[PDB]
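Visitor: Handing you a structure now.
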Ligand SMILES: *[C@@H]1O[C@H](CO)[C@@H](O)[C@H](O)[C@H]1NC(C)=O
């Protein structure tokens, strides 16, 4: 019944762990945030 | 003997270059020189509120994030121009020379 077709236990495991990086395309974000907030935010060459 | 003593670490300078000012490009990716601070990036309207004595701002990692325009006092955010890695997908030169 839920997206990703994970078990009740797997969603619990995923909700408990906080992922700092979560790699995906991030260039679209750019500014308008309170601050850039990163872990280079790509800008310093680390992805 | 004449000794000229100054510090270049104070952002709101009021003294020193016979440079010829031009317009502000804003959104398009450009090179810039703001009171001796130079670089490449995209200048956009900022929502940040600078104090009367603050010319420059910095991000979490102490690099320049935003500037105060020397003539208009508009606060502009500086986002570096888009860049990234290039990866080459090759079937192998013994099969085909097509590349993604
Ligand atoms: C600089 O001169 C322009 C001339 O139109 C004026 O509008 C602007 O406010 C001036 N800025 C400062 C900081 O004196």
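Protein chains in written order, with PDB author numbering: chain B, 810 to 847, 851 to 859; chain A, 510 to 609.
Think of the CB as a built atom: it goes at the ideal place given N, C-alpha and C, for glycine as much as any other residue.
Checking the sheet assignment: what are the DSSP bridge partners for residue 540(A)?
Guide: Start at 1 with the first residue of the second chain, and residue 540(A) comes out as number 31. BP columns for residue 540(A) point to 549(A).
Visitor: Could you tell me whether any non-hydrogen atom of ligand 1 is closer than 8 Å to the CB of residue 585(A)?
Guide: Counting from 1 along the second chain, the entry for residue 585(A) is found at position 76. No, the beta carbon of residue 585(A) sits no closer than 8 Å to any heavy atom of ligand 1.
Visitor: Helix, strand or coil for residue 818(B), going by three-state DSSP, please let me know.
Guide: Taking the first residue of the first chain as position 1, residue 818(B) is located at position 9. Three-state DSSP puts residue 818(B) in a helix.
Visitor: State yes or no: is the C-beta of residue 599(A) nearer than 8 Å to some heavy atom of ligand 1?
Guide: One-based indexing of the second chain puts residue 599(A) at position 90. No; taking the cut-off as 8 Å, the Cβ of residue 599(A) has no heavy atom of ligand 1 nearer than that.
Visitor: Please identify the residue among 597(A), 603(A), 590(A), 608(A) whose C-alpha is closest to the C-alpha of residue 539(A).
Guide: Mapped onto the second chain, residue 539(A) falls at position 30. Residue 590(A) is the option with its Cα nearest to residue 539(A).
Visitor: Who are the near neighbours of residue 574(A) in its chain, counting only those whose CB is closer than 6 Å to its CB and skipping five residues on each side?
Guide: Translated into positions along the second chain, residue 574(A) becomes position 65. Once the five neighbours on either side are set aside, the close Cβ partners of residue 574(A) are 566, 567, 568.
Visitor: According to DSSP, is residue 558(A) helix, strand or coil?
Guide: Against the second chain, residue 558(A) aligns to sequence position 49. Of the three classes helix, strand and coil, the one that applies to residue 558(A) here is coil, per DSSP.
Visitor: Return yes when the C-beta of residue 531(A) is under 8 Å from any heavy atom of ligand 1, and no when it is not.
Guide: Position 22 of the second chain, counted from the first residue, corresponds to residue 531(A). Residue 531(A) Cβ: outside cutoff for every heavy atom of ligand 1.
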